[PDB]
Amino acid sequence: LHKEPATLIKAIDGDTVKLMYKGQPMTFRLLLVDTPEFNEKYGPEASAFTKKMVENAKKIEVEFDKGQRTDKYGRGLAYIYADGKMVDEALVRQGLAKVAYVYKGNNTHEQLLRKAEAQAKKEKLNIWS
Ligand SMILES: Cc1cn([C@H]2C[C@H](OP(=O)(O)O)[C@@H](COP(=O)(O)O)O2)c(=O)[nH]c1=O
Ligand SMILES: [Ca+2]
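Under my numbering, think of the first position of the sequence shown as -9, with each following residue one higher.
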């Protein structure tokens, strides 16, 4: 896989962000995770966590997987990095997302994320508390 440039336009919630990619605004849905909706338990903390990560970053990057690059809603499907740290993984490591939506062909980072989830759960963090 390859990292490509993007710039933040706006934080949305725990697992969606609006980025400018190839000069066009698009909403990205983070691969292989599910955050709670803002209205649900840990939803606000997930949203805040992603927001801080993306807003504090000097360099945002998009990494597409091998599969589908857009979903049925028009959202970009990619892993998102903030100064080299994957947001998708970080949310899972902190117990603020579950590994989820694992589809054939877009699952390169599955086992990385599962390992993070196991550690969050062992620590009883947030969702796992
Ligand atoms: C993360 C992800 C979501 N989706 C679709 C499946 C779900 O459809 P439904 O809307 O029909 O439930 C929805 C979940 O996204 P959200 O968790 O953002 O709601 O987005 C994909 O198709 N591919 C993906 O990789
Ligand atoms: Ca969600």
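Here a beta-carbon is modelled for each residue, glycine too, at the ideal position from N, C-alpha and C.
Closest Cα partner of residue i within the set the options
{"i": "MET16", "options": "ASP3, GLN101, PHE28 and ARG65", "result": "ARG65"}
{"i": "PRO26", "options": "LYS88, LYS48, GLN101 and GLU51", "result": "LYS88"}
{"i": "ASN116", "options": "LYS(-7), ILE50, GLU35 and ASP24", "result": "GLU35"}
{"i": "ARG19", "options": "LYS75, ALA90 and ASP73", "result": "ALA90"}
Closer than 7 Å: residue i CB and nearest ligand 1 heavy atom
{"i": "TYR32", "result": "no"}
{"i": "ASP24", "result": "yes"}
{"i": "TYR69", "result": "no"}
Three-state secondary structure assigned by DSSP to residue i
{"i": "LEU(-9)", "result": "coil"}
{"i": "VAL23", "result": "strand"}
{"i": "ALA36", "result": "helix"}
{"i": "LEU102", "result": "helix"}
{"i": "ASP3", "result": "strand"}
{"i": "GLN14", "result": "strand"}
Alpha-carbon spacing of residue i relative to residue j, whole angstroms
{"i": "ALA1", "j": "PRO(-5)", "result": "17 Å"}
{"i": "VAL44", "j": "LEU(-2)", "result": "7 Å"}
{"i": "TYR11", "j": "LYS114", "result": "36 Å"}
{"i": "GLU53", "j": "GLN109", "result": "24 Å"}
{"i": "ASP24", "j": "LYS49", "result": "24 Å"}
{"i": "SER37", "j": "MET76", "result": "15 Å"}
Any non-hydrogen atom of ligand 2 closer than 7 Å to residue i Cβ
{"i": "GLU35", "result": "no"}
Minimum Cβ-Cβ distance from residue i to chain D less than 8 Å
{"i": "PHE54", "result": "The structure shown contains no chain D, having only a single protein chain."}
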